[PDB]
Amino acid sequence: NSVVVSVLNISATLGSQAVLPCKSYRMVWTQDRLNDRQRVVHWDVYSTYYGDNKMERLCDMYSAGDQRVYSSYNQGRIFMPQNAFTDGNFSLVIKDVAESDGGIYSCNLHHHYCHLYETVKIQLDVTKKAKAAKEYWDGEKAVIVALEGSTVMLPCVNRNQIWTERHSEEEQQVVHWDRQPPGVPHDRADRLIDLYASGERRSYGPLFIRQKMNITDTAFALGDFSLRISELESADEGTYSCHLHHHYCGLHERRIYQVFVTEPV
Amino acid sequence: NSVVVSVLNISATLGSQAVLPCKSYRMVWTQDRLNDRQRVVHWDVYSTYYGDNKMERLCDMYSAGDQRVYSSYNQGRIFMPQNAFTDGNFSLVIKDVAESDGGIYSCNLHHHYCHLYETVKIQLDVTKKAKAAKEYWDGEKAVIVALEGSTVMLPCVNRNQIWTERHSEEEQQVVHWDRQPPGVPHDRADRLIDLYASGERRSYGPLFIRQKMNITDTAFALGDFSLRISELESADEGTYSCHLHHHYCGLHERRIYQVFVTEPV
Amino acid sequence: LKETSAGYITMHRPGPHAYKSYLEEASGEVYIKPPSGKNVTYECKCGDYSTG
């Protein structure tokens, strides 16, 4: 079931042209014949202890890939359970912690195809005395304190269906432009036009209105599903709905526009 | 599609008996339980150089058989490519040609089951000087001139579907006696009787007319498909057609008789 | 998934084709009966490579 992104009242004028801007560059479909089928996660530390005070990437996991350590030392020190890729527990383990190792950690997720990314922030500290070695939660971040050289764990788990493995067949991202007939309540529209990720478009109703219902030929690619209705008629009067669903990314959204034909004034 | 062998006007007299002689001893069906399934080709030279001036058979190929040379010398001299049996290029090769070898050659094909045979004639000559060694075509025969002892080739190819291998299941030779009803144009007849090579006969219409429509019980064997119509009636008036087809031999023929009932005079 | 990003297969126009039903030879003289409503070409070599 989709979720109403927004509801807008459209004062469409008879004879003139009206535009429904339903679109999202996030919904953009990959143009190359090889649509991205991989996702990446990584860990990066920003330790101000370094005079360079830059952010350095400890390691990164690639979907269906092989674990690869950026440097020559984090191997053994950094443990990223391979099976956890299915579990989603993208946690990090340090064997020994030095005074130069404490700082700011960040676990980041990136996905090119879905164009969805996330970041979570954590703090690590090291002390010579275990008396002050105690974790605490700051709401916006977590602070870890542990003895020098002691094994420590940093949790990064999202528990999301998209980020866990699901080799589902890539259902075409359905897009539906459906207009409620005149004097009809919402959710009772008949599909004016249907758009598939493959680029095929299914037209409904008269062909002349579809031609005047200008839609960019690259809408399935660019995602510009905005509906441009020209030579407005009383028949076109009624609410419009722009539904989008992406099974692979799992997105489901709908935009409702109260399109009423108004005579020129 | 059959071919009209001949068209004859039959002045059948009412009450009397009329005979349609549609038949062919070539169409005769083999009586023995083992119908011949083999065909033969051979080469034979008639060299007048011999004082005996007889025709002697160089060699012969039997379908599904083994190459066999009549004499003890032509082996090696005579080459009949086995694969050519499928190609149909029943050509002959001589390694060395002597003054006593030149003469008249003949390539002959015989088939017992289909009872079809063919012969093609060629001339061979040998000279001591290659200057006069040149083939020529006389329309009714071909003359070959070559140096003594030189390898020579004589072509015998028919390029016929019957003479090339086709292990088709032996479809019964269909015979159809079909009479055009009174006042009906040709090619609109209804089968009066059907005859199969196996000897089974399918009767159509009244049984009394079939009994009076005397046909020799051995017609499928002897091939005497001639139709003897007795006690002629006005209903029998109309054109008669005798169709024969042999799938194995590929024959297809039809005989049309303009049978009109005429009152006695 | 129907979408593919590997391989490459050629594609070109076809050559000529042959049939018997176009030509009928029940009689001594030649007869050609092309299917109704279809352009057809024919070739013969006796004397010259004559086509119609």
# chains A, B, ... in the order shown; residues from 1 in each chain; ligands from 1
>>> interface_residues(of="chain C", to="chain A", cutoff="9 Å", atoms="only C-alpha atoms", output="PyMOL selection string")
chain C and resi 1+3-5
>>> write_last_selection(atoms="N, CA, C and O atoms", output="mmCIF file, in the first residue's frame")
data_model
loop_
_atom_site.group_PDB
_atom_site.id
_atom_site.type_symbol
_atom_site.label_atom_id
_atom_site.label_comp_id
_atom_site.auth_asym_id
_atom_site.auth_seq_id
_atom_site.Cartn_x
_atom_site.Cartn_y
_atom_site.Cartn_z
ATOM 1 N N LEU C 1 16.380 -12.359 -15.583
ATOM 2 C CA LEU C 1 15.799 -11.087 -15.988
ATOM 3 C C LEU C 1 16.039 -10.873 -17.475
ATOM 4 O O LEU C 1 17.160 -11.061 -17.959
ATOM 5 N N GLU C 3 16.458 -8.318 -19.209
ATOM 6 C CA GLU C 3 17.534 -7.377 -19.486
ATOM 7 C C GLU C 3 18.876 -8.099 -19.507
ATOM 8 O O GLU C 3 19.198 -8.864 -18.594
ATOM 9 N N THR C 4 19.659 -7.852 -20.556
ATOM 10 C CA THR C 4 20.943 -8.510 -20.742
ATOM 11 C C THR C 4 21.975 -7.492 -21.204
ATOM 12 O O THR C 4 21.658 -6.556 -21.942
ATOM 13 N N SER C 5 23.221 -7.697 -20.775
ATOM 14 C CA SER C 5 24.320 -6.792 -21.097
ATOM 15 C C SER C 5 25.550 -7.560 -21.566
ATOM 16 O O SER C 5 26.680 -7.097 -21.389
#
>>> select_by_dssp(residues="segment 20-210 of chain A", states="helix (DSSP H, G or I)", output="number ranges by chain")
A: 25-27, 74-77, 84-87, 130-132, 207-210
>>> residues_around(residues="residue 24 of chain C", least_positions_apart="4", cutoff="10 Å", atoms="only C-alpha atoms", output="PyMOL selection string")
(chain B and resi 1) or (chain C and resi 20+29-34)
>>> write_last_selection(atoms="N, CA, C and O atoms", output="short mmCIF file (atom, residue, chain, number, x, y, z; two decimals), in the first residue's frame")
data_model
loop_
_atom_site.label_atom_id
_atom_site.label_comp_id
_atom_site.auth_asym_id
_atom_site.auth_seq_id
_atom_site.Cartn_x
_atom_site.Cartn_y
_atom_site.Cartn_z
N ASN B 1 -0.05 -34.06 -57.91
CA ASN B 1 -1.10 -33.87 -58.90
C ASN B 1 -0.88 -34.78 -60.10
O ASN B 1 0.20 -34.80 -60.69
N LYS C 20 8.60 -25.94 -55.70
CA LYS C 20 8.13 -26.60 -56.92
C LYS C 20 6.73 -26.17 -57.30
O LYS C 20 6.45 -25.99 -58.49
N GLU C 29 4.65 -28.36 -72.66
CA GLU C 29 5.06 -26.97 -72.52
C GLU C 29 5.05 -26.56 -71.05
O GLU C 29 4.26 -27.05 -70.24
N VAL C 30 5.96 -25.65 -70.71
CA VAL C 30 6.16 -25.23 -69.32
C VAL C 30 4.91 -24.52 -68.82
O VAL C 30 4.13 -23.96 -69.59
N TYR C 31 4.71 -24.55 -67.50
CA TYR C 31 3.66 -23.78 -66.86
C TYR C 31 4.12 -23.36 -65.48
O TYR C 31 4.61 -24.19 -64.71
N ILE C 32 3.96 -22.08 -65.17
CA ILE C 32 4.29 -21.52 -63.86
C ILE C 32 3.03 -20.90 -63.28
O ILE C 32 2.37 -20.10 -63.95
N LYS C 33 2.70 -21.27 -62.05
CA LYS C 33 1.49 -20.81 -61.37
C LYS C 33 1.87 -20.25 -60.00
O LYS C 33 1.71 -20.93 -58.98
N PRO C 34 2.38 -19.02 -59.95
CA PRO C 34 2.76 -18.45 -58.66
C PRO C 34 1.54 -18.25 -57.78
O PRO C 34 0.42 -18.08 -58.28
#
>>> residues_around(residues="residue 237 of chain A", least_positions_apart="4", cutoff="6 Å", atoms="only C-alpha atoms", output="PyMOL selection string")
chain A and resi 182+260-261
>>> select_by_dssp(residues="segment 95-181 of chain A", states="strand (DSSP E or B)", output="PyMOL selection string")
chain A and resi 103-111+116-127+136-137+142-147+152-154+157+174-179
>>> write_last_selection(atoms="C-alpha atoms", output="PDB file, in the first residue's frame")
ATOM      1  CA  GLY A 103      38.121   8.827  17.997  1.00  0.00           C
ATOM      2  CA  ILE A 104      34.944   8.976  15.907  1.00  0.00           C
ATOM      3  CA  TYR A 105      33.596   5.987  13.967  1.00  0.00           C
ATOM      4  CA  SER A 106      30.921   5.961  11.276  1.00  0.00           C
ATOM      5  CA  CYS A 107      29.131   3.036   9.630  1.00  0.00           C
ATOM      6  CA  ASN A 108      27.820   3.924   6.172  1.00  0.00           C
ATOM      7  CA  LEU A 109      25.586   2.147   3.654  1.00  0.00           C
ATOM      8  CA  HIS A 110      25.407   3.047  -0.046  1.00  0.00           C
ATOM      9  CA  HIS A 111      23.291   1.586  -2.853  1.00  0.00           C
ATOM     10  CA  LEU A 116      19.518   5.090  -0.834  1.00  0.00           C
ATOM     11  CA  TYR A 117      22.317   5.602   1.689  1.00  0.00           C
ATOM     12  CA  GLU A 118      22.535   5.856   5.471  1.00  0.00           C
ATOM     13  CA  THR A 119      25.107   6.760   8.115  1.00  0.00           C
ATOM     14  CA  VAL A 120      25.365   6.050  11.845  1.00  0.00           C
ATOM     15  CA  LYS A 121      27.843   7.740  14.184  1.00  0.00           C
ATOM     16  CA  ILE A 122      29.709   6.331  17.201  1.00  0.00           C
ATOM     17  CA  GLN A 123      32.448   7.505  19.571  1.00  0.00           C
ATOM     18  CA  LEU A 124      35.402   5.454  20.830  1.00  0.00           C
ATOM     19  CA  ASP A 125      37.734   6.332  23.700  1.00  0.00           C
ATOM     20  CA  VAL A 126      40.613   4.563  25.445  1.00  0.00           C
ATOM     21  CA  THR A 127      41.881   5.001  29.004  1.00  0.00           C
ATOM     22  CA  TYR A 136      27.165   5.335  27.405  1.00  0.00           C
ATOM     23  CA  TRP A 137      24.437   6.417  24.991  1.00  0.00           C
ATOM     24  CA  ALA A 142      27.332   6.265  21.510  1.00  0.00           C
ATOM     25  CA  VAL A 143      30.596   6.622  23.442  1.00  0.00           C
ATOM     26  CA  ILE A 144      32.827   3.603  24.102  1.00  0.00           C
ATOM     27  CA  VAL A 145      35.570   3.611  26.746  1.00  0.00           C
ATOM     28  CA  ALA A 146      37.870   0.604  27.102  1.00  0.00           C
ATOM     29  CA  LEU A 147      41.341  -0.311  28.306  1.00  0.00           C
ATOM     30  CA  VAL A 152      36.157  -3.852  21.654  1.00  0.00           C
ATOM     31  CA  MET A 153      32.982  -4.078  19.568  1.00  0.00           C
ATOM     32  CA  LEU A 154      31.072  -1.354  17.713  1.00  0.00           C
ATOM     33  CA  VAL A 157      22.798  -3.093  12.480  1.00  0.00           C
ATOM     34  CA  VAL A 174       4.855   0.277 -11.858  1.00  0.00           C
ATOM     35  CA  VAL A 175       3.731   3.854 -12.480  1.00  0.00           C
ATOM     36  CA  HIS A 176       0.015   4.612 -12.815  1.00  0.00           C
ATOM     37  CA  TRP A 177      -1.620   7.897 -13.797  1.00  0.00           C
ATOM     38  CA  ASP A 178      -5.311   7.404 -12.988  1.00  0.00           C
ATOM     39  CA  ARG A 179      -7.975  10.119 -13.132  1.00  0.00           C
TER      40      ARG A 179
END
>>> atom_distance(atom1="atom CA of residue 195 of chain B", atom2="atom CA of residue 164 of chain B")
28.1 Å
>>> atom_distance(atom1="atom CA of residue 43 of chain B", atom2="atom CA of residue 59 of chain B")
5.7 Å
>>> closest_residue(among="A:75, A:216, A:6, A:17", to="residue 231 of chain A", atoms="only C-alpha atoms")
A:17
>>> residues_around(residues="residue 14 of chain B", least_positions_apart="3", cutoff="8 Å", atoms="only C-alpha atoms", output="PyMOL selection string")
chain B and resi 231-234+261-264
>>> residues_around(residues="segment 24-27 of chain B", least_positions_apart="6", cutoff="7 Å", atoms="only C-alpha atoms", output="list in words")
residues 115, 222, 223 and 224 of chain B
>>> write_last_selection(atoms="N, CA and C atoms", output="PDB file, in the first residue's frame")
ATOM      1  N   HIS B 115       9.602 -51.231 -62.282  1.00  0.00           N
ATOM      2  CA  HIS B 115       9.612 -51.632 -63.689  1.00  0.00           C
ATOM      3  C   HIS B 115      10.003 -50.464 -64.591  1.00  0.00           C
ATOM      4  N   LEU B 222      -2.792 -57.524 -61.057  1.00  0.00           N
ATOM      5  CA  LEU B 222      -2.537 -57.389 -62.486  1.00  0.00           C
ATOM      6  C   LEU B 222      -2.485 -55.934 -62.933  1.00  0.00           C
ATOM      7  N   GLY B 223      -3.065 -55.019 -62.161  1.00  0.00           N
ATOM      8  CA  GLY B 223      -3.173 -53.637 -62.574  1.00  0.00           C
ATOM      9  C   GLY B 223      -4.312 -53.355 -63.526  1.00  0.00           C
ATOM     10  N   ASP B 224      -5.157 -54.346 -63.816  1.00  0.00           N
ATOM     11  CA  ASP B 224      -6.279 -54.179 -64.738  1.00  0.00           C
ATOM     12  C   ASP B 224      -7.431 -53.488 -64.009  1.00  0.00           C
TER      13      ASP B 224
END
